[PDB]
DNA sequence: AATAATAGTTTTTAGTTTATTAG
DNA sequence: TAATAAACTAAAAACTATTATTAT
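Protein chains in written order, with the deposited numbering: chain F, 39 to 136; chain M, 180 to 202; chain B, 32 to 221, 237 to 534; chain C, 6 to 168, 193 to 244.
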């Protein structure tokens, strides 16, 4: 019950159907605020793991991600979920070359 | 040798269907 | 060894085939067009790997790469596709014929040396082994007259050269079928057109030969035979993947997902079990695979069992045709020539343990000597070899109640003997194709050109016996000496 | 549907072992019944099992028949088998201290099965002999059992330490005669086709042919 | 810098779902 | 109607393509 601090947004595509719906379910169960990755009010823009910042621009149809958010793997989040705690975002950020 | 399929020599020229016969 | 079959078809252009054959019937051009639809469909439904090219001669224009006069090609050596069928089928009838003639050529003379020239040069370009090669012709000339005897003689020399090369010539009557009006002097340079037309559908063939099986009759002697799968179903054309409008297949990331991580099941995280009572008995795919190991892939011969003692009540998988061979062990077919010569003690079946694949249990099989029924026309019927019937286990049985309840009166046997004797069938094996598969084919050709459906028919599996009953005589109803009708 | 089957097995000390080459009726009976039971519980047939023992010290059955029910001790009530009970049987079922009678356990079985016809409607029932006939037994109670089977018609399977036919001892001879009369009266030619052994049941399933898989 | 193991697309095959006859 | 044609996913081997790896 700790995703409330994450104004998160789990992607439907790429992020597996069952994996995705489980991630939004865990977010809403933990009190996590779900908000789109198209504008401000996002603490963490979480997107697919293998896709980079340019792919973030292309999939989101943007030149840049909306501000105020951080980009990180859902594997770290799942680890925190299983352990029922929260771990640092370092070592799991999705790769941002631009 | 005769009796071989024209499309695939070495395999037989099979006669088409004739249905069931009543004697 | 697989090989290939290169087939090329030539048509003159002299209005001798653009003509309607002085009849409302199909033109020689039109009947050749229907013949070529038949050939293209047959090639597609069969192994379509063979290449077919389209070349025409005796024409005003030239598009052959060599650009010799009166030669106009349309199609390269390609497997006949849908677009090929459409592009050749768009030129038929009077309107198609005239548009084709103005885009190809309305007719001119023939240069035989030039066409044999270009055919040799083109057939040089084949990049694969060629199991067969044939050229079929459909022309109305009885013998070469327009060309000088010099061209006829040099064409004869090149014809002998190509006949020695392996390629052969075929022709059919055009002026009048039957008798003899064509090839009076082509008799030297050397119905049935209906067979070239649409006669045979849903064709396929195999030129393979299944692997060498090793007879483990005992530890000392293991011999080499060639197994052969001779019977199996012909299958459904695969639903290969595609897209709504971009028309492009899909890959797969099919993998089972785990509630723990956003990742998938690891090969460890996935773990086998089974609910037996109060147990989730826990195993792995590895353990289940390791369980089924009994002995080596082959036939671990238990021993012969006199076929004079045999039964027909039991039935299993369709039989397998084993054949004598000498592949990797000598003296094999030396002793294989035996056991097919006597029907008093060498017809004896072989109760054998047979493992077909590595890591497979032994399966009970029995041997039948299938003597080469070499048909009188040489067509070796029931080829020389072995019919192998796989033998049952103690789970091929679901119990049945006894039905020996009645042995009826001789009046009924007499009347129904009269009924059934009026019908006997010569048992034509090829008499019924697959109506379901052929209907799927028809759906495919409906989606091919423009049809809602091109052919609306059954493969004759429908009961014609609604007319057989009167053929047999409606007496079947008056031979119901039965007081109460069963169907009420 | 209700295959009401019980276990009236013979246990002892000189019969829990035997001469080499002839497996003990006790151990062989245990292993063959466990093989058939494991097949059944992997098939999960609708059957409940009651276990009662003769040949062990004392008599712990619900009724001892005024000591006529020799060394009859009951263990399991009529219930669905599980793996813990079968492993308990395969572990602790041990050589008995004496030898006793079997028709006592059989009649206890018919009594409890007829009494426990509730819950699951009683249907076709199969029972199996477990006796090596090398003990000291009587041949008089055939009348009670014949009256019971002629009023119940229970299918029976015979077991023995031998599948030659001449190796039976004199007591084995008299036991064979009495059970032969019983099963020719019960099944007739089927009863002859139901004559088998513990060691035979080690390799034969046709001993339990009384149940069939109908289409 | 000479042969001699293997290799590697193609083709059935068969214990898994999949809908439709199933205590 | 709580099994069953019929399919249906995975799946070795088969018939070739080769291919190297000890052959000067």
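Ideal Cβ placement from N, Cα and C applies to all residues, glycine included.
(message) Going by DSSP, what residue range makes up the beta strand (DSSP E) through residue 212 (chain C)?
(response) Here residue 212 (chain C) belongs to no beta strand (DSSP E); instead the alpha helix (DSSP H) covers 199-215.
(request) Rank B:500, B:37 and B:444 by C-alpha distance to the C-alpha of residue 199 (chain B) and give the top, closest one. (result) B:37
(request) Decide if residue 35 (chain C) is buried, meaning its Cβ has at least 16 other Cβ atoms within 10 Å, or exposed. (result) Looking at its Cβ environment, which holds 16 or more other Cβ atoms inside 10 Å, residue 35 (chain C) is buried.
(request) Please name the residue in B:401, B:365, B:422 and B:451 whose C-alpha comes closest to that of residue 415 (chain B). (result) B:365
(request) Have a look at residue 85 (chain F) and residue 294 (chain B) and give me their C-alpha separation to the nearest angstrom. (result) Cα to Cα, the separation comes out at about 27 Å.
(request) Taking only the alpha-carbon atoms, compute the straight-line gap between residue 45 (chain B) and residue 195 (chain B) and give it to the nearest angstrom. (result) 30 Å
(request) State buried or exposed for residue 329 (chain B), treating a residue as buried only when at least 16 other CB atoms are found within 10 Å of its CB. (result) exposed
(request) For residue 409 (chain B), name the three-state secondary structure that DSSP assigns. (result) Under the three-state reduction of DSSP output, residue 409 (chain B) falls in the strand class.
(request) Run the CB neighbour count on residue 194 (chain C), radius 10 Å, all protein chains shown included, and call it buried at 16 or more, exposed below. (result) So residue 194 (chain C) ends up on the exposed side.
(request) Give a yes or no on whether the minimum CB-CB distance between residue 81 (chain C) and chain B is below 7 Å. (result) no
(request) Report, in whole angstroms, the separation of the C-beta atoms of residue 136 (chain B) and residue 92 (chain B), which I expect to be a contact under 8 Å. (result) Rounded, the Cβ-Cβ distance is 5 Å, consistent with contact.
(message) Under 7 Å, Cβ to Cβ, is there at least one residue of chain F near residue 169 (chain B)?
(response) Taking Cβ atoms only, chain F never reaches closer than 7 Å to residue 169 (chain B), which makes this a no.
(request) Assign residue 350 (chain B) to one of three DSSP states: helix, strand, or coil. (result) strand
(message) Restricting to runs no shorter than 4 residues, where is the alpha helix (DSSP H) found entirely within the segment 124-208 of chain B?
(response) 124-135, 143-154 and 180-196
(message) Tell me the DSSP secondary structure of residue 113 (chain B) in three-state form.
(response) helix
(message) For chain F, check one thing: does any of its Cβ atoms lie closer than 7 Å to the Cβ of residue 136 (chain B)?
(response) no
(request) Report all residues from its chain with a CB closer than 6 Å to the CB of residue 398 (chain B); omit the five preceding and five following residues, and keep chain order. (result) Once the five neighbours on either side are set aside, the close Cβ partners of residue 398 (chain B) are 345, 347, 348 and 411.
(request) Answer yes if the segment 244-251 of chain B comes into contact with the segment 71-84 of chain B, meaning at least three C-beta pairs across the two stretches below 8 Å, and no otherwise. (result) yes
(message) I'd like to know whether the C-beta of residue 87 (chain C) is nearer than 7 Å to at least one C-beta of chain B.
(response) Under the Cβ distance rule, residue 87 (chain C) counts among the residues neighbouring chain B, one pair being separated by less than 7 Å.
(message) Suppose contacts are defined by Cβ-Cβ distances below 7 Å. Is residue 239 (chain C) in contact with residue 131 (chain C) by that definition?
(response) Yes, the pair counts as a contact, with Cβ atoms nearer than the cut-off.
(message) Is there a Cβ of chain M sitting closer than 7 Å to that of residue 161 (chain B), yes or no?
(response) no
(message) Please give the ranges of any beta strand (DSSP E) in the segment 122-162 of chain C, keeping only runs that are unbroken, at least 3 residues long and fully inside the region.
(response) 131-133 and 160-162
(request) Would you check if there are 3 or more beta carbon pairs closer than 8 Å linking the segment 107-125 of chain F to the segment 461-479 of chain B? (result) no
(request) To the nearest angstrom, report how far apart residue 71 (chain C) and residue 60 (chain C) are at their CA atoms. (result) 16 Å
(request) Please find out if some non-hydrogen atom of the ligand PLP comes closer than 6 Å to the beta-carbon of residue 120 (chain F). (result) As for the ligand PLP, it is missing from this structure, which has no ligand bound.
(message) What residue range does the beta strand (DSSP E) around residue 220 (chain C) cover?
(response) Per DSSP, residue 220 (chain C) belongs to no beta strand (DSSP E); it is in the alpha helix (DSSP H), 218-222.
(request) Please decide whether residue 340 (chain B) counts as near chain M, where near means a Cβ-Cβ distance under 7 Å. (result) Proximity of residue 340 (chain B) to chain M, defined by a Cβ-Cβ separation below 7 Å, is not satisfied.
(request) Can you give me, in chain order, the residues of the segment 110-124 of chain B that have a beta carbon less than 9 Å from any beta carbon in chain M? (result) none
(message) Let me check one thing: in DSSP terms, what residues is residue 532 (chain B) bridge-paired to?
(response) Its beta-bridge partners do not exist; DSSP assigns none.
(message) Could you compute how far the alpha carbon of residue 492 (chain B) sits from the alpha carbon of residue 505 (chain B)?
(response) 17 Å
(request) Under 7 Å between beta-carbons, which chain C residues line up against residue 444 (chain B)? List them in chain order, please. (result) 242, 243 and 244
(message) Less than 7 Å between the beta carbons of residue 82 (chain F) and residue 113 (chain F), yes or no?
(response) No. Outside cutoff.
(message) I'd like to know if residue 107 (chain F) contacts chain B, where contact means its C-beta is closer than 7 Å to some C-beta of that chain.
(response) no
(message) On a Cα-Cα basis, can you pick out the residue from B:156, B:362 and B:298 that is closest to residue 107 (chain B)?
(response) B:156
(message) Under 8 Å: do the segment 100-115 of chain C and the segment 6-17 of chain C share three or more Cβ pairs, one atom per stretch?
(response) At 8 Å Cβ cutoff, the stretches touch.
(message) What ranges does the alpha helix (DSSP H) occupy inside the segment 429-474 of chain B, keeping only unbroken runs of at least 4 residues that lie completely in it?
(response) 456-467
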